[PDB]
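Structure first, commentary second.
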Amino acid sequence: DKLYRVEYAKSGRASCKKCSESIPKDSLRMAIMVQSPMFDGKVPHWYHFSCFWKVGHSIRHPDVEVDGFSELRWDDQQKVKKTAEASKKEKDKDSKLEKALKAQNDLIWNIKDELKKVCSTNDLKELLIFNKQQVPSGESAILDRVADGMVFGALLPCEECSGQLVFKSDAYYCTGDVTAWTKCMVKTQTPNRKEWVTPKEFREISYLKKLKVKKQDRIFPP
Amino acid sequence: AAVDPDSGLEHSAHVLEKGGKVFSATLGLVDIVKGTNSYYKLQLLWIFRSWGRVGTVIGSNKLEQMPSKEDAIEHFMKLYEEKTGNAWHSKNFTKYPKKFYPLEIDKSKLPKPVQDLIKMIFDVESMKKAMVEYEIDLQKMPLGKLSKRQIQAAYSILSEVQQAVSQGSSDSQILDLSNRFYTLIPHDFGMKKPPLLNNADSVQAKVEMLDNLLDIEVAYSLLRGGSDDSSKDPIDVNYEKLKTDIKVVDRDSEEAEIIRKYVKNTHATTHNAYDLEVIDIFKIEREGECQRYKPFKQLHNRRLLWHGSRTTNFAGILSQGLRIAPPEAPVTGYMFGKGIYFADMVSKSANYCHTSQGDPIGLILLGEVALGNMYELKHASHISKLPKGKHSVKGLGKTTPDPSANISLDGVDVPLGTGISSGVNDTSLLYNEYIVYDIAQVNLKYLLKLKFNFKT
DNA sequence: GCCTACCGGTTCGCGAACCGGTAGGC
DNA sequence: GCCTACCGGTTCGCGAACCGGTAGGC
Ligand SMILES: NC(=O)c1cccc2c1O/C(=C\c1ccc(OCCN3CCOCC3)cc1)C2=O
Ligand SMILES: [Zn+2]
Ligand SMILES: [Zn+2]
């Protein structure tokens, strides 16, 4: 959908379009989506984050233009936001929300790499299956949904198509199929969901849940 | 089908088939939201895979020799199911999420004006250009004959869209039919998204496309065939295929003056964009059209009326006569349902020739259409069954050719008077329409060739 | 009756190699 | 769309070693 794309390298394999060296794994990298000559589909032209700003591209507002911006770590978002460039109650709720937005961002990130330290992929796969959740393709995406599951709740099936809703940037988009020919287009900020049930098998669940986690709903950007 | 020349082994090894089922399928997949609009041709020559975005250089292919012939079936049926979702054999097909859907592939002794008539109506490259504006795939549609059952389903999808549009159905409902249609009939939009079929005239535009597309494949069906023996001439072979007796009415003829009067007189005051000019008059006589019309020579109120259509259609109109729209097709565009439409004014009919400043010449018909006891209507109304004792329908217009100057012609009433006000003015039509709901009621008399003079 | 140097054959341990399913790349 | 580097899971290959049967010596 978007022209640009930012994420942490899913593998230290892809090369950089400008300098032509291997972009290392788990490193901040940016892309520009182009039409592939070989097949009918868009393809990312990956750049080193350092090399991205010398090609001449100038993203005015990263949060609205670049994809995967909200999924990044809070401090890394500010690096993109700054590098892109180179009343009492109103400002209070405005400032205090950004405090709670950071609070939510690095809460999930603390929870994400906590599971990466303790649990293998097969544990995280069977975590989602136990909660009646669709297991996604990808390592990063699996713990992203497990962390989403634990903090907010196990997502109930869709109203019409009975598919799986997924958090994407600014809302929960339905990824199911209203029919064989077309994909479902349900979208919401307040989806339906029961409470996340961890199985008995968790000797470090008391450590992860002890990280000051109370009941709260997903907060979104302005 | 034959071998795809993208392999490079087209005139070397034949495409294989196991008894009945031919090991060759051309798949398609479109998602209007994503914008994807792709093809996927699979063949078993060696196995050959072709893929890309329909109507563009985007894509690639892979020719690959097999270890053996039984491994070919293994590789073919596996690739097939992986891409399409279903098995190679099935009772009825079922589409699957993000999987593909298979598309169902199947010295001349005559006058100079008559030779030009065949020259005009059998030039198929002119018919190809005609489809370019519709955005039909130009690449492999001439060699790749799209199935009859396929086009009927494509018609059905269009009729479902109009039904969905009429009663303001869901966007998803519309999204599906728009997806379904462009999958079933491959379009060429280039690098931009397929547009949603949400309008009332968009379905009509795509309905007209199918009507024209059909007649081109019919024009091919005539052209491709016969008995290629060294005796007759090339133009004569195509003349005999038309299955009609065409003659040239001389300009000195007294009946020719009547037609030129009928052209000159019945030009519309509102249609002042162009000016007609009769190049030729052809007297036309179809094979057995008098045998089927005999019944309606008993019928009263017979009128010699105009009927225009694309130069591409006249290849089929001569061979099969004037035909009513199929039952699967949508009723959109028609004023009073599916049937043969006629007009008393040459101009109103002449608009259906679809001529431009670049393409000046155009063909228009004159048929002895047995109207009989007429059912007169003012406003538009989609009728299914006619009222009792009525053999035709009439759309009452504001302007009508002078009824006190209606000249006769071989026992046929020719209304070649100039325009005056009608009896009733509570209508939503400016000019008259004459509708027959039976192909037997029409009998084509004259075919004209008209030059259009615009001002640009 | 002992002891023991020598030999054929089974087991055991561990890294190389193999492999099918797949997430990432273009 | 297809290609392929990566992952875990099992197998495979081969030398050390373990072990029992034995025949030349005293
Ligand atoms: N074309 C005419 O001679 C004509 C003249 C005056 C009025 C109308 C005409 O046509 C109307 C509508 C119309 C025209 C063509 C058409 O074609 C449907 C497909 N057929 C094309 C010919 O071969 C059979 C199939 C459908 C509606 C009209 O309302
Ligand atoms: Zn670089
Ligand atoms: Zn849904």
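As shown in the structure tokens, the chain order sets the letters A, B, ...; within each chain, residues go from 1, and ligands are also counted from 1 in the order they appear.
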
Using only C-alpha atoms (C1' of nucleotides), determine which residues lie at most 8 Å from segment 2-19 of chain D, disregarding the query and same-chain residues fewer than 3 positions distant; provide the list as a list in words.
residues 11, 17 and 18 of chain C

Just want the 7 Å neighbourhood of residue 147 of chain B, counted on only C-alpha atoms (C1' of nucleotides), with same-chain residues fewer than 4 positions away dropped. Output as a CSV table (one decimal) with N, CA, C and O atoms, in the first residue's frame.
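The resulting file, result.csv, is reproduced below:
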chain,number,residue,atom,x,y,z
B,104,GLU,N,-11.1,-21.1,-19.6
B,104,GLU,CA,-11.5,-22.1,-20.5
B,104,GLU,C,-11.2,-21.8,-22.0
B,104,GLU,O,-11.9,-21.0,-22.6
B,105,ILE,N,-10.1,-22.3,-22.5
B,105,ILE,CA,-9.7,-22.1,-23.9
B,105,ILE,C,-10.3,-23.3,-24.7
B,105,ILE,O,-10.4,-24.4,-24.3
B,106,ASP,N,-10.6,-23.0,-26.0
B,106,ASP,CA,-11.1,-24.0,-26.9
B,106,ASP,C,-10.0,-24.9,-27.3
B,106,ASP,O,-9.0,-24.5,-28.0
B,151,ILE,N,-17.9,-17.2,-21.8
B,151,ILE,CA,-18.5,-15.9,-22.1
B,151,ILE,C,-19.9,-15.7,-21.6
B,151,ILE,O,-20.3,-14.6,-21.2

### Message
Please find the residues contacting ligand 3 at a distance of at most 10 Å between atoms, with only C-alpha atoms (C1' of nucleotides) and all ligand atoms counted, and report them as number ranges by chain.
### Response
A: 157-165, 173-179, 183-187

Filtering to N, CA, C and O atoms, could you give me those residues as a tab-separated table (two decimals), in the first residue's frame?
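Final output, selection.tsv:
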chain	number	residue	atom	x	y	z
A	157	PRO	N	-12.79	-14.66	16.65
A	157	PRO	CA	-12.99	-14.67	15.20
A	157	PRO	C	-13.81	-13.48	14.68
A	157	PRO	O	-14.49	-12.80	15.45
A	158	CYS	N	-13.73	-13.26	13.37
A	158	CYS	CA	-14.40	-12.13	12.73
A	158	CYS	C	-15.92	-12.32	12.72
A	158	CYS	O	-16.41	-13.45	12.79
A	159	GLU	N	-16.65	-11.21	12.65
A	159	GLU	CA	-18.12	-11.24	12.70
A	159	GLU	C	-18.75	-11.97	11.51
A	159	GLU	O	-19.60	-12.84	11.70
A	160	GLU	N	-18.33	-11.62	10.30
A	160	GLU	CA	-18.92	-12.18	9.08
A	160	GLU	C	-18.12	-13.36	8.53
A	160	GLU	O	-18.64	-14.47	8.43
A	161	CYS	N	-16.86	-13.11	8.20
A	161	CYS	CA	-16.03	-14.09	7.49
A	161	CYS	C	-15.40	-15.14	8.41
A	161	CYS	O	-14.86	-16.14	7.92
A	162	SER	N	-15.47	-14.92	9.72
A	162	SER	CA	-14.91	-15.85	10.72
A	162	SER	C	-13.41	-16.10	10.54
A	162	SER	O	-12.93	-17.22	10.72
A	163	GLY	N	-12.68	-15.04	10.20
A	163	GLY	CA	-11.23	-15.11	10.02
A	163	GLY	C	-10.49	-14.57	11.23
A	163	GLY	O	-11.07	-14.42	12.31
A	164	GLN	N	-9.21	-14.26	11.04
A	164	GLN	CA	-8.35	-13.78	12.12
A	164	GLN	C	-8.01	-12.30	11.92
A	164	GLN	O	-7.42	-11.94	10.90
A	165	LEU	N	-8.38	-11.47	12.89
A	165	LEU	CA	-8.00	-10.06	12.87
A	165	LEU	C	-6.54	-9.92	13.28
A	165	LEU	O	-6.05	-10.67	14.13
A	173	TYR	N	-6.95	-5.20	11.33
A	173	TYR	CA	-7.51	-5.54	10.02
A	173	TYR	C	-7.83	-7.03	9.95
A	173	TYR	O	-7.02	-7.86	10.39
A	174	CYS	N	-8.99	-7.38	9.40
A	174	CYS	CA	-9.37	-8.78	9.20
A	174	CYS	C	-8.61	-9.35	8.01
A	174	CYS	O	-8.57	-8.75	6.94
A	175	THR	N	-8.01	-10.52	8.21
A	175	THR	CA	-7.20	-11.18	7.18
A	175	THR	C	-7.89	-12.41	6.60
A	175	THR	O	-7.28	-13.17	5.85
A	176	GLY	N	-9.17	-12.59	6.94
A	176	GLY	CA	-9.93	-13.75	6.48
A	176	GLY	C	-10.41	-13.62	5.05
A	176	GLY	O	-9.91	-12.79	4.29
A	177	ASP	N	-11.38	-14.45	4.69
A	177	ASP	CA	-11.93	-14.47	3.33
A	177	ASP	C	-13.45	-14.48	3.34
A	177	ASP	O	-14.08	-15.50	3.63
A	178	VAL	N	-14.04	-13.32	3.03
A	178	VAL	CA	-15.49	-13.20	2.84
A	178	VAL	C	-15.97	-14.11	1.69
A	178	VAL	O	-17.09	-14.61	1.72
A	179	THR	N	-15.10	-14.32	0.70
A	179	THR	CA	-15.35	-15.27	-0.38
A	179	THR	C	-14.02	-15.74	-0.97
A	179	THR	O	-12.95	-15.23	-0.62
A	183	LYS	N	-10.84	-10.85	-0.65
A	183	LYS	CA	-10.44	-10.84	0.75
A	183	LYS	C	-11.38	-9.96	1.56
A	183	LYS	O	-11.97	-9.02	1.03
A	184	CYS	N	-11.53	-10.27	2.85
A	184	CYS	CA	-12.37	-9.47	3.75
A	184	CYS	C	-11.72	-8.13	4.05
A	184	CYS	O	-10.49	-8.03	4.14
A	185	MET	N	-12.54	-7.10	4.22
A	185	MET	CA	-12.07	-5.73	4.44
A	185	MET	C	-12.59	-5.12	5.74
A	185	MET	O	-12.85	-3.92	5.82
A	186	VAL	N	-12.75	-5.95	6.77
A	186	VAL	CA	-13.15	-5.46	8.10
A	186	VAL	C	-11.95	-4.79	8.78
A	186	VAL	O	-10.82	-5.28	8.70
A	187	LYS	N	-12.22	-3.67	9.44
A	187	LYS	CA	-11.19	-2.87	10.09
A	187	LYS	C	-11.77	-2.23	11.36
A	187	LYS	O	-12.90	-1.74	11.35

Within 7 Å of chain B, which residues of chain A are there when counting only C-alpha atoms? Please give them as a PyMOL selection string. chain A and resi 37-41+177+180-182

Within 9 Å of ligand 2 (counting only C-alpha atoms (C1' of nucleotides) and all ligand atoms), which residues show up? I'd like them as a ChimeraX atom specification. /A:15-23,46-52

Take the selection from the previous step and output its residues with C-alpha atoms, as a short mmCIF file (atom, residue, chain, number, x, y, z; two decimals), in the first residue's frame.
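File written: out10.cif
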data_model
loop_
_atom_site.label_atom_id
_atom_site.label_comp_id
_atom_site.auth_asym_id
_atom_site.auth_seq_id
_atom_site.Cartn_x
_atom_site.Cartn_y
_atom_site.Cartn_z
CA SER A 15 22.05 -6.56 0.05
CA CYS A 16 21.79 -2.76 -0.07
CA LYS A 17 20.80 -1.12 -3.37
CA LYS A 18 23.22 1.84 -3.14
CA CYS A 19 26.45 0.40 -1.71
CA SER A 20 25.77 -3.32 -2.45
CA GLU A 21 26.84 -4.88 0.87
CA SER A 22 24.92 -7.32 3.09
CA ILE A 23 22.50 -5.56 5.46
CA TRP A 46 16.38 -2.53 0.73
CA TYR A 47 18.87 0.15 1.79
CA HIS A 48 21.17 0.49 4.77
CA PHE A 49 19.53 3.08 7.05
CA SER A 50 22.69 5.19 6.59
CA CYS A 51 22.60 4.85 2.78
CA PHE A 52 18.85 5.55 2.44
#

Compile the contact shell of segment 257-259 of chain B as a PyMOL selection string: residues with an atom at most 9 Å away, counting only C-alpha atoms (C1' of nucleotides), same-chain residues fewer than 6 positions apart removed.
chain B and resi 251+281+407+409+414+416

request  = Check which residues fall inside 6 Å of ligand 1 when counting only C-alpha atoms (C1' of nucleotides) and all ligand atoms, and print them as a PyMOL selection string.
outcome  = chain B and resi 211+307-309+322-325+334+341-343+348-349+352+433

Produce a file of the selected residues containing N, CA and C atoms, as a CSV table (one decimal), in the first residue's frame.
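The resulting file, again-v4.csv, is shown below:
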chain,number,residue,atom,x,y,z
B,211,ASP,N,-20.5,-8.3,-26.8
B,211,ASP,CA,-21.2,-8.4,-28.0
B,211,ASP,C,-20.3,-8.2,-29.3
B,307,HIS,N,-31.5,0.5,-39.4
B,307,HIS,CA,-30.9,-0.2,-38.3
B,307,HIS,C,-29.3,-0.1,-38.5
B,308,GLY,N,-28.6,0.6,-37.7
B,308,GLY,CA,-27.2,0.7,-37.8
B,308,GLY,C,-26.5,-0.1,-36.7
B,309,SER,N,-25.2,-0.5,-37.1
B,309,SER,CA,-24.4,-1.3,-36.2
B,309,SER,C,-23.0,-1.2,-36.6
B,322,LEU,N,-30.2,-10.6,-38.2
B,322,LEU,CA,-30.3,-9.8,-37.0
B,322,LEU,C,-30.7,-10.6,-35.9
B,323,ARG,N,-30.0,-10.6,-34.8
B,323,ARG,CA,-30.2,-11.5,-33.6
B,323,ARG,C,-30.5,-10.7,-32.4
B,324,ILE,N,-31.3,-11.4,-31.5
B,324,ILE,CA,-31.6,-10.8,-30.2
B,324,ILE,C,-30.5,-11.1,-29.2
B,325,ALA,N,-30.3,-10.3,-28.2
B,325,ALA,CA,-29.3,-10.5,-27.2
B,325,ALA,C,-29.6,-11.8,-26.5
B,334,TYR,N,-30.7,-1.2,-23.1
B,334,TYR,CA,-32.0,-1.4,-23.8
B,334,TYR,C,-33.1,-0.5,-23.2
B,341,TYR,N,-33.9,-3.6,-32.5
B,341,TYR,CA,-34.3,-2.2,-32.5
B,341,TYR,C,-34.2,-1.6,-33.8
B,342,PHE,N,-35.2,-0.7,-34.2
B,342,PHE,CA,-35.2,0.0,-35.5
B,342,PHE,C,-35.6,1.4,-35.2
B,343,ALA,N,-35.2,2.3,-36.2
B,343,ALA,CA,-35.6,3.7,-36.2
B,343,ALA,C,-36.1,4.2,-37.5
B,348,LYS,N,-30.3,8.7,-36.3
B,348,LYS,CA,-30.4,8.0,-35.0
B,348,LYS,C,-29.8,6.6,-35.1
B,349,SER,N,-30.1,5.9,-36.2
B,349,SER,CA,-29.5,4.6,-36.5
B,349,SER,C,-28.0,4.7,-36.9
B,352,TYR,N,-24.9,4.3,-34.4
B,352,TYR,CA,-24.5,2.9,-33.9
B,352,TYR,C,-23.5,2.3,-34.9
B,433,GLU,N,-38.7,4.6,-31.8
B,433,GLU,CA,-38.0,3.3,-31.8
B,433,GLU,C,-39.0,2.2,-32.1

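Selected on chain A by distance to chain C: residues 10, 11, 13, 14, 36, 38, 43, 44, 45, 137, 138 and 139 of chain A (within 9 Å, counting only C-alpha atoms (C1' of nucleotides)).
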
As a PyMOL selection string, please: the residues near residue 209 of chain B (cut-off 10 Å, only C-alpha atoms (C1' of nucleotides), same-chain neighbours under 2 positions excluded).
chain B and resi 130-131+133-136+203-207+211-214

Next, the residues of the selection above should be written as a PDB file, in the first residue's frame with C-alpha atoms.
ATOM      1  CA  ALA B 130     -11.822  -1.714 -32.373  1.00  0.00           C
ATOM      2  CA  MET B 131     -11.215  -3.802 -29.216  1.00  0.00           C
ATOM      3  CA  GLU B 133     -10.382   0.986 -26.715  1.00  0.00           C
ATOM      4  CA  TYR B 134     -12.339  -1.588 -24.659  1.00  0.00           C
ATOM      5  CA  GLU B 135      -9.045  -2.680 -23.001  1.00  0.00           C
ATOM      6  CA  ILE B 136      -9.430  -6.365 -23.938  1.00  0.00           C
ATOM      7  CA  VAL B 203     -21.732  -2.787 -17.190  1.00  0.00           C
ATOM      8  CA  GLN B 204     -23.347  -1.606 -20.452  1.00  0.00           C
ATOM      9  CA  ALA B 205     -19.877  -0.739 -21.792  1.00  0.00           C
ATOM     10  CA  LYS B 206     -18.596  -4.209 -20.861  1.00  0.00           C
ATOM     11  CA  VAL B 207     -21.819  -5.742 -22.224  1.00  0.00           C
ATOM     12  CA  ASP B 211     -21.232  -8.375 -28.043  1.00  0.00           C
ATOM     13  CA  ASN B 212     -18.481  -6.991 -30.306  1.00  0.00           C
ATOM     14  CA  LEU B 213     -15.850  -9.510 -29.137  1.00  0.00           C
ATOM     15  CA  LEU B 214     -18.274 -12.343 -29.959  1.00  0.00           C
TER      16      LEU B 214
END

For chain D, the closest of B:256, B:371, B:329, B:79 counting only C-alpha atoms (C1' of nucleotides) is B:79

* Asked: Hey, what's within 12 Å of residue 57 of chain A if we count only C-alpha atoms (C1' of nucleotides) and toss same-chain stuff fewer than 2 positions away? As a list in words, please?
  ->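 So, after excluding close chain neighbours, the residues are residues 3, 4, 30, 31, 32, 47, 51, 52, 53, 54, 55, 59, 60, 62, 66, 83, 84, 85 and 86 of chain A.
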
Contacts of segment 195-212 of chain A at 10 Å or less, counting only C-alpha atoms (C1' of nucleotides), minus same-chain residues fewer than 5 places along, as an mmCIF file with N, CA and C atoms, in the first residue's frame?
data_model
loop_
_atom_site.group_PDB
_atom_site.id
_atom_site.type_symbol
_atom_site.label_atom_id
_atom_site.label_comp_id
_atom_site.auth_asym_id
_atom_site.auth_seq_id
_atom_site.Cartn_x
_atom_site.Cartn_y
_atom_site.Cartn_z
ATOM 1 N N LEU A 107 6.696 -1.515 26.453
ATOM 2 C CA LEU A 107 6.133 -2.586 27.284
ATOM 3 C C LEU A 107 6.089 -3.874 26.474
ATOM 4 N N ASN A 110 9.682 -5.033 25.674
ATOM 5 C CA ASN A 110 10.213 -5.758 26.830
ATOM 6 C C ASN A 110 9.668 -7.185 26.859
ATOM 7 N N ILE A 111 8.371 -7.322 26.597
ATOM 8 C CA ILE A 111 7.703 -8.624 26.567
ATOM 9 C C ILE A 111 8.144 -9.472 25.367
ATOM 10 N N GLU A 114 11.716 -10.779 25.839
ATOM 11 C CA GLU A 114 11.651 -11.666 27.007
ATOM 12 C C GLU A 114 11.303 -13.085 26.562
ATOM 13 N N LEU A 115 10.310 -13.198 25.682
ATOM 14 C CA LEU A 115 9.913 -14.489 25.116
ATOM 15 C C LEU A 115 10.983 -15.058 24.184
ATOM 16 N N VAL A 118 13.531 -16.724 26.519
ATOM 17 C CA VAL A 118 13.089 -17.930 27.236
ATOM 18 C C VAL A 118 12.475 -19.006 26.333
ATOM 19 N N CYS A 119 11.610 -18.603 25.403
ATOM 20 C CA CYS A 119 10.842 -19.554 24.590
ATOM 21 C C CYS A 119 11.407 -19.718 23.182
ATOM 22 N N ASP A 123 7.270 -23.263 20.957
ATOM 23 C CA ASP A 123 6.507 -22.903 22.154
ATOM 24 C C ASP A 123 5.543 -21.757 21.851
ATOM 25 N N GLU A 126 2.672 -23.060 19.572
ATOM 26 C CA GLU A 126 1.685 -23.800 20.364
ATOM 27 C C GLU A 126 0.981 -22.924 21.408
ATOM 28 N N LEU A 127 1.572 -21.774 21.735
ATOM 29 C CA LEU A 127 0.903 -20.773 22.572
ATOM 30 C C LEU A 127 -0.320 -20.207 21.855
ATOM 31 N N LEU A 128 -0.127 -19.805 20.601
ATOM 32 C CA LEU A 128 -1.202 -19.240 19.784
ATOM 33 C C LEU A 128 -2.282 -20.273 19.451
ATOM 34 N N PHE A 130 -3.155 -22.893 21.200
ATOM 35 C CA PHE A 130 -3.930 -23.109 22.424
ATOM 36 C C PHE A 130 -4.998 -22.031 22.616
ATOM 37 N N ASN A 131 -4.676 -20.798 22.226
ATOM 38 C CA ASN A 131 -5.609 -19.672 22.332
ATOM 39 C C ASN A 131 -6.516 -19.512 21.102
ATOM 40 N N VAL A 146 1.903 -12.955 19.801
ATOM 41 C CA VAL A 146 1.889 -13.521 21.153
ATOM 42 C C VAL A 146 1.928 -12.391 22.183
ATOM 43 N N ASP A 148 1.021 -9.270 21.606
ATOM 44 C CA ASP A 148 -0.293 -8.646 21.448
ATOM 45 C C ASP A 148 -1.367 -9.447 22.184
ATOM 46 N N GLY A 149 -1.293 -10.771 22.069
ATOM 47 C CA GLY A 149 -2.241 -11.666 22.723
ATOM 48 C C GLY A 149 -2.216 -11.565 24.237
ATOM 49 N N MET A 150 -1.019 -11.610 24.815
ATOM 50 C CA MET A 150 -0.858 -11.582 26.271
ATOM 51 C C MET A 150 -1.276 -10.249 26.891
ATOM 52 N N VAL A 151 -0.848 -9.148 26.277
ATOM 53 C CA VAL A 151 -1.077 -7.812 26.832
ATOM 54 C C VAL A 151 -2.549 -7.400 26.760
ATOM 55 N N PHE A 152 -3.175 -7.613 25.605
ATOM 56 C CA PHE A 152 -4.534 -7.125 25.360
ATOM 57 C C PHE A 152 -5.580 -8.236 25.417
ATOM 58 N N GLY A 153 -5.328 -9.343 24.721
ATOM 59 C CA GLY A 153 -6.226 -10.500 24.771
ATOM 60 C C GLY A 153 -6.215 -11.370 23.529
ATOM 61 N N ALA A 154 -6.716 -12.594 23.679
ATOM 62 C CA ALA A 154 -6.861 -13.525 22.563
ATOM 63 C C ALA A 154 -7.994 -13.057 21.656
ATOM 64 N N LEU A 155 -7.657 -12.742 20.408
ATOM 65 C CA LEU A 155 -8.614 -12.166 19.464
ATOM 66 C C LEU A 155 -9.673 -13.179 19.036
ATOM 67 N N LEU A 156 -10.942 -12.817 19.217
ATOM 68 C CA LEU A 156 -12.054 -13.661 18.780
ATOM 69 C C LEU A 156 -12.169 -13.621 17.256
#

Where does DSSP see strand (DSSP E or B) in segment 2-220 of chain A, if you list the residues as a short mmCIF file (atom, residue, chain, number, x, y, z; two decimals) with N, CA and C atoms, in the first residue's frame?
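Contents of the output file states.cif:
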data_model
loop_
_atom_site.label_atom_id
_atom_site.label_comp_id
_atom_site.auth_asym_id
_atom_site.auth_seq_id
_atom_site.Cartn_x
_atom_site.Cartn_y
_atom_site.Cartn_z
N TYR A 4 7.15 3.46 0.92
CA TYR A 4 8.33 3.10 1.70
C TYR A 4 8.02 2.07 2.79
N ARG A 5 9.07 1.53 3.39
CA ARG A 5 8.95 0.46 4.39
C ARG A 5 10.19 0.44 5.29
N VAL A 6 9.98 0.34 6.60
CA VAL A 6 11.08 0.27 7.57
C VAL A 6 10.86 -0.88 8.55
N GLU A 7 11.95 -1.59 8.87
CA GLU A 7 11.90 -2.70 9.83
C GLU A 7 13.31 -3.10 10.26
N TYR A 8 13.39 -4.01 11.23
CA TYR A 8 14.65 -4.62 11.62
C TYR A 8 14.89 -5.83 10.73
N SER A 15 21.04 -7.60 0.28
CA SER A 15 22.05 -6.56 0.05
C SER A 15 21.40 -5.19 -0.08
N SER A 22 25.95 -6.59 2.35
CA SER A 22 24.92 -7.32 3.09
C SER A 22 24.43 -6.54 4.31
N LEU A 28 18.38 -1.79 11.75
CA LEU A 28 17.41 -0.86 11.17
C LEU A 28 17.73 -0.64 9.70
N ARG A 29 16.76 -0.94 8.83
CA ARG A 29 16.91 -0.77 7.39
C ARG A 29 15.64 -0.18 6.80
N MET A 30 15.78 0.57 5.71
CA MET A 30 14.64 1.17 5.03
C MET A 30 14.55 0.70 3.58
N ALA A 31 13.34 0.69 3.04
CA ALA A 31 13.07 0.19 1.70
C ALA A 31 12.24 1.17 0.88
N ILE A 32 12.27 0.99 -0.44
CA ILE A 32 11.38 1.69 -1.37
C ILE A 32 10.77 0.63 -2.29
N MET A 33 9.44 0.58 -2.32
CA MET A 33 8.73 -0.49 -3.02
C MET A 33 8.63 -0.19 -4.51
N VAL A 34 9.13 -1.10 -5.34
CA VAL A 34 9.11 -0.95 -6.80
C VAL A 34 8.38 -2.13 -7.45
N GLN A 35 8.07 -1.98 -8.73
CA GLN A 35 7.42 -3.04 -9.50
C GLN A 35 8.49 -4.03 -9.96
N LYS A 42 4.75 -5.99 -6.13
CA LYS A 42 5.71 -5.02 -5.61
C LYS A 42 6.84 -5.72 -4.87
N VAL A 43 8.04 -5.14 -4.94
CA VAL A 43 9.22 -5.71 -4.29
C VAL A 43 10.00 -4.61 -3.57
N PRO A 44 10.49 -4.90 -2.35
CA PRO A 44 11.25 -3.89 -1.61
C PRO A 44 12.70 -3.75 -2.07
N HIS A 45 13.13 -2.51 -2.33
CA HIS A 45 14.53 -2.21 -2.58
C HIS A 45 15.19 -1.81 -1.27
N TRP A 46 15.81 -2.77 -0.60
CA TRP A 46 16.38 -2.53 0.73
C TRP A 46 17.64 -1.67 0.68
N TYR A 47 17.70 -0.71 1.60
CA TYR A 47 18.87 0.15 1.79
C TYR A 47 19.37 0.01 3.22
N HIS A 48 20.66 0.24 3.43
CA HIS A 48 21.17 0.49 4.77
C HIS A 48 20.53 1.80 5.24
N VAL A 66 5.91 6.11 5.74
CA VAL A 66 6.67 4.86 5.85
C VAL A 66 5.86 3.79 6.57
N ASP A 67 5.90 2.57 6.04
CA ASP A 67 5.20 1.43 6.63
C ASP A 67 6.08 0.77 7.68
N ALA A 154 -6.72 -12.59 23.68
CA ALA A 154 -6.86 -13.53 22.56
C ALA A 154 -7.99 -13.06 21.66
N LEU A 155 -7.66 -12.74 20.41
CA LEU A 155 -8.61 -12.17 19.46
C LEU A 155 -9.67 -13.18 19.04
N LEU A 165 -8.38 -11.47 12.89
CA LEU A 165 -8.00 -10.06 12.87
C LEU A 165 -6.54 -9.92 13.28
N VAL A 166 -5.84 -8.96 12.68
CA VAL A 166 -4.41 -8.74 12.95
C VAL A 166 -4.13 -7.25 13.10
N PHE A 167 -3.35 -6.90 14.12
CA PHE A 167 -2.92 -5.51 14.31
C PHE A 167 -1.96 -5.11 13.19
N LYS A 168 -2.28 -4.00 12.53
CA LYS A 168 -1.45 -3.47 11.45
C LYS A 168 -1.38 -1.95 11.56
N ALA A 171 -4.66 -0.03 13.27
CA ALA A 171 -5.93 -0.71 13.51
C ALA A 171 -5.80 -2.23 13.39
N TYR A 172 -6.86 -2.94 13.78
CA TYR A 172 -6.95 -4.39 13.62
C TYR A 172 -7.69 -4.73 12.33
N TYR A 173 -6.95 -5.20 11.33
CA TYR A 173 -7.51 -5.54 10.02
C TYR A 173 -7.83 -7.03 9.95
N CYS A 174 -8.99 -7.38 9.40
CA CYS A 174 -9.37 -8.78 9.20
C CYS A 174 -8.61 -9.35 8.01
N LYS A 187 -12.22 -3.67 9.44
CA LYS A 187 -11.19 -2.87 10.09
C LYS A 187 -11.77 -2.23 11.36
N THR A 188 -10.99 -2.24 12.44
CA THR A 188 -11.45 -1.70 13.72
C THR A 188 -10.30 -1.40 14.69
N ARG A 193 -12.65 -9.76 21.84
CA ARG A 193 -11.61 -10.66 22.34
C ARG A 193 -11.86 -11.12 23.78
N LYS A 194 -11.66 -12.42 24.02
CA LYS A 194 -11.67 -12.97 25.37
C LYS A 194 -10.27 -12.85 25.97
#

TODO: Go through segment 174-219 of chain A and collect every residue that DSSP, computed from the backbone, puts in alpha helix (DSSP H); the answer should be as number ranges by chain.
DONE: A: 205-208

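Here atom CA of residue 363 of chain B and atom CA of residue 311 of chain B stand 6.1 Å from one another.
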